[PDB]
Colleague: 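Below you'll find the structure I mean.
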Amino acid sequence: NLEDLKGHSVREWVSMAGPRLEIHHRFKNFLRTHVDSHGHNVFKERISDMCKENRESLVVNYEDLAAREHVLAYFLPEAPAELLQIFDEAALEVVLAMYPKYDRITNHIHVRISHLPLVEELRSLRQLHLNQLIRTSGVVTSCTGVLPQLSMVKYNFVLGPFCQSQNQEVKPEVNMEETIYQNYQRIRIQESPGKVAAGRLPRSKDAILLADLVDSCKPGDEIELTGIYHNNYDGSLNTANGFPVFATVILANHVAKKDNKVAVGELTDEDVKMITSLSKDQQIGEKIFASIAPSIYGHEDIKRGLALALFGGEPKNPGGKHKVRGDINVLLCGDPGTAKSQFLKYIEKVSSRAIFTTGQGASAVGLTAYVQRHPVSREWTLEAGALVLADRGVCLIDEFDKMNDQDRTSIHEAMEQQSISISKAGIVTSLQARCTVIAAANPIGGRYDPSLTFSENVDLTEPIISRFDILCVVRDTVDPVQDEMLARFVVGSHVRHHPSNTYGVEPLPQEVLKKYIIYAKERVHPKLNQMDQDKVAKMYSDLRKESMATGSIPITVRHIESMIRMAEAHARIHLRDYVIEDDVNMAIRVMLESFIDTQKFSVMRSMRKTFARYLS
Amino acid sequence: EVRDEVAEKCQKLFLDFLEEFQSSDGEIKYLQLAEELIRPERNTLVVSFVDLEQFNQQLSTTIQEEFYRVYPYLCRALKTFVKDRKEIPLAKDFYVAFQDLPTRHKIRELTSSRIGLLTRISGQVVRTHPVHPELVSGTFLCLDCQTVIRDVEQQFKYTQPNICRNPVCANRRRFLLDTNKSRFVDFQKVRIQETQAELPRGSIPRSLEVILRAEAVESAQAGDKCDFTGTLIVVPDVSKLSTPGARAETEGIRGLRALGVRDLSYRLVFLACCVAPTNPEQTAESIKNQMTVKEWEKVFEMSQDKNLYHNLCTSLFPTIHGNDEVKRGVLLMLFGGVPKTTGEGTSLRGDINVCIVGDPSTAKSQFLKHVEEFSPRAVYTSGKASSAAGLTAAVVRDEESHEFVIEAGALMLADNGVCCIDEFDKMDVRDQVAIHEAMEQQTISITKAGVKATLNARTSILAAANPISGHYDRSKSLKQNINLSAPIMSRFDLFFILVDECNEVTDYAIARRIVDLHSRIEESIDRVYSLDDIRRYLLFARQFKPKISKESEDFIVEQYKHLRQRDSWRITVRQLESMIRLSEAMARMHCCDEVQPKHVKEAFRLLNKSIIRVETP
Amino acid sequence: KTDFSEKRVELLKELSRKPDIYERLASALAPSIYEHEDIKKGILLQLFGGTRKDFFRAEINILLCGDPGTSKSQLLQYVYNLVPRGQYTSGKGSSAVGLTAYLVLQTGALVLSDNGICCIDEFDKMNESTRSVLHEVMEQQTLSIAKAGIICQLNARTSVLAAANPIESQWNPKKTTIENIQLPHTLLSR
DNA sequence: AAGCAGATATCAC
DNA sequence: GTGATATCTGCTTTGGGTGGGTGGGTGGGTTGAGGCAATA
Ligand SMILES: Nc1ncnc2c1ncn2[C@@H]1O[C@H](COP(=O)(O)OP(=O)(O)OP(=O)(O)O)[C@@H](O)[C@H]1O
Ligand SMILES: Nc1ncnc2c1ncn2[C@@H]1O[C@H](COP(=O)(O)OP(=O)(O)OP(=O)(O)O)[C@@H](O)[C@H]1O
Ligand SMILES: Nc1ncnc2c1ncn2[C@@H]1O[C@H](COP(=O)(O)OP(=O)(O)O)[C@@H](O)[C@H]1O
Ligand SMILES: [K+]
Ligand SMILES: [Mg+2]
Ligand SMILES: [Mg+2]
Ligand SMILES: [Mg+2]
Ligand SMILES: [Zn+2]
């Protein structure tokens, strides 16, 4: 029996030939026969996906292995290096069996473990975890470049191959041509700021990434790290401490961004089937709109605009000399206590890459990019701010009206040209910043005055206001029926979400919505082939006539391009590869309804009458 | 091998003490404690020195005088005492801690004559270092003969075997360390300082290095005042010593072979086996279990008392005369509501904020001080702050490193507790803007040079404020008397006013109360319940999460409709959620599982009197 | 080192029996200063202090504001020499000895003068942070620090003897005390 | 130039 | 003839910028100019 150890450690047990062969056979059988709840061969699909993409890593979910091979699951945390080597060999055998020509692409398959149940904090690691497989989490604070490390060394006659370990120089000049190398990366992982007690210095660890594990994470990332806790003698540590203390490091096996994030690649065939079937539904647009912050009583315009901003438009560059952004920026502005901050928090929770910041807590350089001073290396370096870090993501700005003016003017270039240009301290460069900006503001005096226009209510000027594709006015009006409905919804929300436990359509589950969004943003690129140019052109002229007469908001060419983005975003919501007439009509309605809301109360009736033909 | 008679005798006698010493109840005191050492995380046993002194005085004296010499043998005795239980691996190491040393020494009494003796000191922790694994006994492979050498002792320096175990082998230089069969211990270095009480007059503070091991690691925090029990040792200059496996790394004694032509100096460090504070996953059932039987019946009696609301109010604030409504509001704040999370991952605030606007010398500071002294986790601060952090975070630059770091403010330090803020109207603009998010979202967000963070501020705020003119004007409304903005005012659940009543009777009552408190400090105070009783009762009551019933639902909806119909201050959804929170707190006050209509009635009474006071003169 | 007895206690009690011991001690307090009798009596009472109830500040705080060229600094120096656990310091930030607490934890003069008297000479020249620190010390008798990973509260049960000058070149009779010396009324009320 | 690590021939018993 | 023990041989040192900023500033180097946040 494999479980029974005849007076050896687990390492010793798995080192000898008999148990080694038994483990190899068991793991190969697990790879070949494991099926899911429906009965589909999991690893047949996983290996096919790996080989189609020409990748070298096979990910194994610890729970499945424990369910099917409990003895191997028990062994794995105690003797990780040996078990992982055996798993690699068996995986290579299976892969070559399925794809006999794959040996040309790679000669090694890495088995990587996910969902390890033994989670530990950076602060909690003790000597009893040494040489064990552990799972921890934190913030990446420092990251090297990808470096070449000796793997199989040859010396100059030419000496025989020599293996290289992570802890000492090998003992036989090196022959560069005949030597074998590996990718090497060192990261520093730190306690997340939200988990360290206030006023306390955070703890940190070092981690080593090898081979195809490199570039799995970037500084500033929230990561879950599974690896081997390893110690090695260090003389200068001993000198420093006066005691024989050993240096520690994590030999990384699996790196994930695990704050509720699923990548397009991780989507399975059944997931895509469900997404496509959903997109076939006739009311899918309404269902997606209803999925935006379901615990808020209806603010249906805000939810629609936020859904459009989440899905996004299509960037274009006709001849390589005229760049047009595809992102849709949103500005919420209205009375206090109307759930603007809750909308922003929901967007932060649902998006894959989102950064939340507030009012006076944001500085100009902190938003875009800053110049870091150093005491010893090159004096000055360039470091990414919020907009750079949120590239291809979302930046949410709360208390947008309370910002310092100098700090608010720093986002103009990023909002339109989608780049940050820095000319400081010998650094002249431009960084990419393609992010959707969603801001929330309060009006002048803390209350929106219906007798005035939007421009009169806010202190923002034309240049910043024009950069927002969608403008939403949140009004808190006293109506007995609406007040009763809101009260009955909110109290029911507090009943439903006790810790013990308008569209007329059922919203999508949040996990389903997250999969749907990632698929549409990655696998759908709607194309604008045909459009009623005369209708859009006539509409634009009418809008510019009325805007000049009333002065409620400025209208620019940017308003034409916003409509095209909204039509593209609407088509993307339906998983359509070509924008159609109903997308253009919806984009027109969204823009005209927004414009009418910026008028004074008296003028609103006339404005609806002026544009009634479109709003029909 | 030569045998140390004294150490072996100490080992035998300590084993006898562990086996035989009897508690008051007649059971073996330390058998039941050693029974806990079967867990992987537990490796240390705490032994009272008074028990050992009672059992055997000669043993205690020998241990005190030869602690450093005999400590390994005491640990071996503990290992033997634990050996019987099957769950312990043969490789596990166990350590002994000594708790109650009758005599104490000052940091400036740590002289050479104390080297190796058992000592107790007090100090304020200045700095803590990261945890390390430290080698205590190495296992080596001999490269000449492949023999395995075990239990090689380490002395401040990485030491390899001197001679190969095999009699035939003559090796002295070539060995290999095997980590998997070596023994390590957790290691932490802390730097402590003299306490302000101990610091001699007109003297620069004297600092000390302390080494914590095994369970003692991460048990003392910078700024804490701690008692350390252990021993004073000398640590040589490792940088000077050369060994076969380890070269030397770049007056004292001369002449050692490992020294070459170099000198060896020494420095004094304290090796602590026990750390304690100098002045010393929850659920209702566990809270009950932590309590003794007397305390549990007292808590039950408190829960059954029909005048509990008034008795608690009077007990908490005995020095203050009048202002019953303010006491009721502060009590409800202390009990709190039920925080909740939505299906989409957003949070519904459950904490309660209260504001007290007062005339000069109206005892609002007294309310804040009473709450601060009562609460276990509470921070008292001022709106006008001495540090750049203020009530929220600040970003400051380390000159040497040039790095930017967060300095925490009051609301961060009070996370999961109560923040009493005095002079709430003197805040600065940065704090004013940040407090919106802090009060509603319970988070503080920063995106500045070198810092990108979301910090927790889950706090209940009790604020004290002055009117704009310096005297409250009854003709005006409360909104007209204070300089708080309407958005900030909407974030407070309750508002109270304290007016100087130019009345002879009130003056006579207040003067009598103050003079009586000063004349008879002990006799003046008469509490139906002691503060410890209330602390235990609050701890028990916070574990209840009352559920809103249907009838309470209807009543709350009707009350909100009435408030909106009645009405830049306005009734928002925040008033509705404040009413929900107050009803939940009222139910919690009686350790109840459902919010009944009576609780809603009381909460609405309080909130309606707050809103009316906000609106009308 | 180059710089009670029963008979001494008997002498002290014999003095305490004298009918005018209050005025005798007041006269002895500062023989050089001229004709400031009430100030001397107040400073004597501050030196003696009130009763430590241990339930209540027992400490007496005194502020001497006035025109330049009076004898304020001399009085502060005489009190500083008299008290055993006293500190003499200045409100100006550039000052060599600071009031605020600032690896070695350095407690300021206010903490060092715990159970003693702190003499603060240029009271009006304090910056806002120092004013906040002083208000905290006078109201709560503690000093909180959260810096460099150190979080702690330091006991500061100290009596403040402060000296203040007007903002103008001379005291302005048309101006009240508050507007003559630019300090908050909240701090003056302590 | 100064000193430790390693190699090795050499006296002594 | 084996165990010291005395002689001989080769390594690398120093702080230093031709030994790097793709080693790291918790391994250690004054002076000035240049970005930040908090400041007034
Ligand atoms: N109603 C009262 N009952 C008992 N004591 C009172 C009352 N009102 C005032 N006092 C006394 O007044 C003093 C409290 O002053 P405190 O510092 O708390 O005032 P405050 O409201 O903070 O005013 P300010 O900040 O302007 O000094 C204590 O002596 C307290 O006994
Ligand atoms: N009432 C007084 N009694 C004794 N000497 C006095 C008196 N008033 C002024 N003087 C003299 O004035 C000088 C005192 O100056 P001092 O430094 O004490 O002033 P100050 O009140 O601290 O004022 P400032 O700092 O504004 O100059 C000494 O010459 C002292 O003899
Ligand atoms: N329409 C609504 N539906 C549900 N809850 C609401 C609604 N409006 C406000 N709330 C609640 O009121 C509280 C305060 O809202 P908040 O996020 O502060 O809005 P704002 O930032 O616009 O003032 C939130 O906890 C939110 O849940
Ligand atoms: K260097
Ligand atoms: Mg808000
Ligand atoms: Mg006060
Ligand atoms: Mg003077
Ligand atoms: Zn050997």
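Just so we're on the same page: letters track the sequence lines, and every chain starts at 1. Only heavy atoms go into these numbers, but all of them, side chains included; no hydrogens, no water, no symmetry mates.
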Colleague: Aromatic rings A:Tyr233 and B:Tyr158: how do their planes relate, parallel, tilted or perpendicular, breaks at 30° and 60°?
Modeller: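 The arrangement is parallel - the two ring planes meet at less than 30°.
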Colleague: Identify, between B:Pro130 and A:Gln360, the residue whose nearest nucleotide on DNA chain E lies closer to the 5' end.
Modeller: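 Whichever sits nearer the 5' end wins; that is B:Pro130.
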Colleague: With rounding to the closest Å, how many angstrom separate the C1' atoms on D:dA1 and E:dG17?
Modeller: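 That atom pair is separated by 24 Å.
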Colleague: Going by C1'-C2'-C3'-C4' alone, is E:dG28 a north or a south sugar?
Modeller: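 E:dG28 falls in the south pucker range.
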Colleague: Base, sugar-phosphate, or nothing for B:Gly260, non-hydrogen atoms under 4.0 angstrom?
Modeller: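 Sugar-phosphate: the residue B:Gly260, judged by heavy atoms under 4.0 Å, touches backbone atoms but no base.
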Colleague: Report which part of the nucleic acid A:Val376 touches: base, sugar-phosphate, or nothing (heavy-atom distance under 4.0 Å, all strands).
Modeller: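 The residue A:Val376 makes base contact.
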Colleague: Within a reach of under 6.0 Å around OH of C:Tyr102, are more than 12 heavy atoms found that belong to other residues, nucleotides or ligands?
Modeller: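 Result for OH/C:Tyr102: open.
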Colleague: For atom P, what is the distance between E:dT9 and E:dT22, given to the nearest Å?
Modeller: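 One P to the other, the span is 45 Å.
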Colleague: Sign of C1'-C2'-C3'-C4' decides it: give me the sugar pucker of E:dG34, north or south.
Modeller: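 That sugar belongs to the north family, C3'-endo side.
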Colleague: Categorize A:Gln372 for me: base, sugar-phosphate, or nothing, with a 4.0 angstrom heavy-atom threshold over every strand shown.
Modeller: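 Nothing, no nucleic acid heavy atom in range.
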Colleague: Taking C1'-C2'-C3'-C4' positive as north and negative as south, where does E:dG32 sit?
Modeller: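 By the sign criterion, E:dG32 is south.
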Colleague: For A:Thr239, which contact category applies under a 4.0 Å heavy-atom criterion: base, sugar-phosphate, or nothing?
Modeller: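 Result for A:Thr239 = nothing.
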Colleague: State which of E:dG32, E:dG24, E:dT39 makes the closest approach to the side chain of A:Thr144.
Modeller: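 The nucleotide sitting nearest to the side chain is E:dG24.
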Colleague: With a 4.0 Å cut-off on heavy atoms, is A:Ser363 in touch with a base, just the backbone sugar-phosphate, or nothing at all?
Modeller: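 Touches sugar-phosphate only.
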Colleague: Take atom CZ of A:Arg188 as the centre, draw a 6.0 Å sphere, and report whether it contains more than 12 heavy atoms from other residues, nucleotides or ligands.
Modeller: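 At most 12 heavy atoms, drawn from other residues, nucleotides or ligands, come within 6.0 Å of this atom.
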Colleague: Taking atom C1' in both E:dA40 and E:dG28, compute the distance separating them and give it to the nearest angstrom.
Modeller: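 Straight-line distance between the two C1' atoms is 39 Å.
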Colleague: What pair of heavy atoms forms the shortest contact from B:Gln188 to B:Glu218, and how long is it?
Modeller: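 Closest pair (atom of B:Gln188, atom of B:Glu218, distance): OE1-N, 2.6 Å.
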Colleague: Starting at CG of A:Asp206 and ending at P of E:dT26, how long is that distance when rounded to a whole Å?
Modeller: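 For the pair A:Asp206 CG and E:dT26 P, the rounded distance is 13 Å.
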Colleague: Taking the side chain as everything from C-beta on, heavy atoms only, tell me whether A:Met403 gets closer than 4.5 Å to A:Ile411.
Modeller: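 In short, these two side chains do not touch, never coming nearer than 4.5 Å.
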Colleague: Just to confirm, is there a sub-4.0 Å distance from OP1 or OP2 of D:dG6 to any side-chain nitrogen or oxygen of B:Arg173?
Modeller: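 True: B:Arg173 side-chain N/O within range (under 4.0 Å) of D:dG6 OP1/OP2.
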Colleague: Of the options D:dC4, E:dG21, E:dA40, whose atoms approach the side-chain atoms of B:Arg262 most closely?
Modeller: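 In terms of side-chain proximity for B:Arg262, the closest of D:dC4, E:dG21, E:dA40 is D:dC4.
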Colleague: Looking at B:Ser242, I'd like to know whether one of its side-chain N or O atoms comes within less than 4.0 Å of OP1 or OP2 on D:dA5.
Modeller: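 True: B:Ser242 side-chain N/O within range (under 4.0 Å) of D:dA5 OP1/OP2.
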Colleague: Taking atom types as modelled, is there a side-chain donor on B:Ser387 or B:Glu407 under 3.5 Å from an acceptor on the other?
Modeller: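 No, no side-chain donor-acceptor pair sits under 3.5 Å.
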Colleague: If you check the B:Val261 side chain, which of D:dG3, E:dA38, E:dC36 turns out closest?
Modeller: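 Per side-chain heavy atoms of B:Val261, the pick is D:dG3.
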Colleague: NZ of B:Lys240 versus P of D:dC4: gap in Å, rounded?
Modeller: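 Answer to the nearest Å: 12 Å.
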Colleague: Starting from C1' on E:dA37, measure out to CG on B:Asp428 and report it in whole angstrom.
Modeller: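 That distance rounds to 13 Å.
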Colleague: Strictly by modelled atom types, are B:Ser386 and C:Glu136 linked by a side-chain donor-acceptor pair under 3.5 Å?
Modeller: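 Judged by distance alone, the side chains do not pair up.
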Colleague: Please give the distance between the P atoms of E:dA33 and E:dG20 as a whole number of Å.
Modeller: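 That atom pair is separated by 30 Å.
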Colleague: Of the options E:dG35, E:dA37, E:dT39, whose atoms approach the side-chain atoms of B:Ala449 most closely?
Modeller: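 That would be E:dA37.
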Colleague: What's the gap between E:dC11 and D:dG6 when it is taken at their P atoms, as a whole Å value?
Modeller: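 Those two atoms are separated by 13 Å.
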Colleague: Can you check the A:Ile187 CD1 to E:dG24 P distance for me, whole Å?
Modeller: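 So the two atoms are 14 Å apart, to the nearest Å.
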Colleague: Contact class for A:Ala425 vs. all strands (heavy atom < 4.0 Å): base, sugar-phosphate, or nothing?
Modeller: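 Result for A:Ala425 = sugar-phosphate.
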Colleague: Taking the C1' atom of each, how far is E:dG16 from E:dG23, in whole Å?
Modeller: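 16 Å, rounded to whole Å.
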Colleague: Could you tell me whether B:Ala248 contacts a base, only the sugar-phosphate backbone, or nothing, with contacts defined as non-hydrogen atoms closer than 4.0 Å?
Modeller: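 Result for B:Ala248 = nothing.
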Colleague: Rounded to the nearest angstrom, tell me the gap between atom OH in A:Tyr184 and atom P in E:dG23.
Modeller: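 It works out to 12 Å between those atoms.
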Colleague: Checking all strands, does B:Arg430 fall into the base, sugar-phosphate, or nothing category for heavy-atom contacts under 4.0 angstrom?
Modeller: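 Since only primed, P, OP1 and OP2 atoms lie under 4.0 Å of B:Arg430, the category is sugar-phosphate.
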Colleague: From CZ of B:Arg172 over to P of D:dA5, roughly how many Å is that when rounded to an integer?
Modeller: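 My rounded result for the distance is 14 Å.
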Colleague: Quick check: any donor-acceptor pair below 3.5 Å linking the side-chain of A:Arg378 to the base of E:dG21?
Modeller: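 Answer is no: no donor-acceptor pair is held.
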Colleague: Mind calculating the distance between CG (B:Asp431) and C1' (E:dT39) to the nearest angstrom?
Modeller: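 Distance, rounded to whole Å: 14 Å.
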Colleague: Of the nucleotides E:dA37, E:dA40, E:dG21, which has the atom closest to the B:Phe404 side chain?
Modeller: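 Output: E:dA37.
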Colleague: Whole angstrom is fine here: how far is it from CG in A:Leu147 over to P in E:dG24?
Modeller: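 Distance, rounded to whole Å: 7 Å.
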Colleague: Regarding E:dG32, can its base be found pairing with the side chain of A:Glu379 as donor and acceptor, where the two atoms are less than 3.5 Å apart?
Modeller: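 Such a pair is found, so the answer is yes.
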Colleague: Taking the same atom, P, in E:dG15 and in E:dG3, what whole-Å distance lies between them?
Modeller: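 Approximately 44 Å lies between the P atom of E:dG15 and that of E:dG3.
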Colleague: Map A:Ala369 and B:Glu249 onto DNA chain E by nearest heavy atom, then report which one ends up closer to the 5' terminus.
Modeller: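 Closer to the 5' end of DNA chain E: B:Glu249.
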Colleague: Can you find a pair of side-chain heavy atoms, one from A:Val146 and one from A:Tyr184, that are under 4.5 Å apart?
Modeller: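 A:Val146 does not reach A:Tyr184 side chain to side chain.
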